[PDB]
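Reviewing the structure listed below.
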Amino acid sequence: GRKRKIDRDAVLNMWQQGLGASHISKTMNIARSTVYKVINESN
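Take the sequence shown: its position 37, counting from 1, is numbered 37 in the entry's author numbering, and each next residue is one higher.
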């Protein structure tokens, strides 16, 4: 599916609000490099 059962607004909400790895990892439970796995995908 496209926008049925998939996440994206969570990690995208961290960067789009003016954050930075450390805070982007605390609010959004994910390691700082793990966040770049997503940001790199640009999904």
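The beta carbon of each residue, even a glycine, is placed where N, CA and C say it ideally should be.
To the nearest angstrom, report how far apart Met28 and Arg2 are at their CA atoms.
Taking the sequence shown and counting its residues from 1, one reaches residue 28 at position 28. Taking the sequence shown and counting its residues from 1, one reaches residue 2 at position 2. Cα to Cα, the separation comes out at about 22 Å.
Which of the three DSSP states, helix, strand or coil, is assigned to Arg32?
Stepping through the sequence shown from its first residue, residue 32 is reached at position 32. Here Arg32 sits in helix by DSSP.
Going by CA-CA distance only, name the one from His23, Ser42, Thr34 that's closest to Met14.
Position 14 of the sequence shown, counted from the first residue, corresponds to residue 14. Of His23, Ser42, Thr34, the residue nearest in Cα terms is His23.
Let's see if you can read the secondary structure: which residues bound the alpha helix (DSSP H) around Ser22?
Reading the sequence shown from its first residue, position 22 is the one you call residue 22. Start and end: 21 to 26.
Rounding to the nearest angstrom, what Cα-Cα distance links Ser25 and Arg4 in this structure?
Position 25 of the sequence shown holds residue 25. Position 4 of the sequence shown holds residue 4. In a straight line, the C-alpha of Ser25 is about 25 Å away from that of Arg4.
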